[PDB]
Amino acid sequence: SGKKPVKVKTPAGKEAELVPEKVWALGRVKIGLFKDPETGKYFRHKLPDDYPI
DNA sequence: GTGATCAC
DNA sequence: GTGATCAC
């Protein structure tokens with residue numbers, strides 16, 4: 001089932017509400033792996049500090 | 001330079 | 001084998 005959506009900036013520079021595929025703690029910083037739906041390309045982006053890991 | 005992850 | 005993600 002999907003992860004909680006999160007507002008990210010895409011590598012194109014638009015804000016999108018996207019569902020990460022995978023999330024983890026990068027040391028203290030929470031990181032998600034996202035796919036830009038329009039372009040199909042993967043990118044990583046910081047998650048909120050309270051985001052469920 | 002570290003810490004984890006995986007599409008490339 | 002590693003770029004790229006952040007705050008420290």
Side-chain angles (χ1 to χ4, degrees):
Chain A
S1 76
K3 289 286 297 190
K4 185 180 182 181
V6 61
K7 296 295 294 159
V8 296
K9 301 295 299 214
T10 69
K14 302 187 168 68
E15 184 173 318
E17 195 178 22
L18 305 179
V19 168
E21 294 188 0
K22 168 75 182 182
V23 302
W24 65 98
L26 172 66
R28 286 170 287 288
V29 182
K30 298 186 167 174
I31 299 289
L33 174 65
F34 298 86
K35 180 162 91 181
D36 179 300
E38 187 195 342
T39 68
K41 297 173 146 168
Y42 288 89
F43 64 109
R44 293 160 173 71
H45 196 288
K46 183 178 165 63
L47 315 172
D49 293 331
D50 60 297
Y51 184 93
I53 299 289

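Letters A, B, ... are given to chains in the order of the sequence lines, protein chains preceding strands, and every chain is numbered from 1.
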Intrastrand stacking C/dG3, C/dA4, 5.5 Å centres and 30° planes: yes

Near-parallel close bases C/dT5 and C/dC6 (centres under 5.5 Å, planes under 30°): no

Distance-minimising heavy-atom pair for A/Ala16 and A/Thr10: CB-CG2, 4.0 Å

A/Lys14 atom NZ: more than 12 heavy-atom contacts under 6.0 Å: no

Geometric class of the A/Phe43/A/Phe34 ring pair [parallel <30°, tilted 30-60°, perpendicular >60°]: parallel

Flag side-chain contact, heavy atom, 4.5 Å: A/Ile53 against A/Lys30: yes

Sign-based sugar class (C1'-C2'-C3'-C4') of B/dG3: north

So which protein N/O to nucleotides 2-8 of chain C N/O distances come out below 3.5 Å?
from, atom 1, to, atom 2, distance (Å)
C/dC6, OP1, A/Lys46, N, 2.8

Flag if over 12 foreign heavy atoms under 6.0 Å of CD, A/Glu38: no

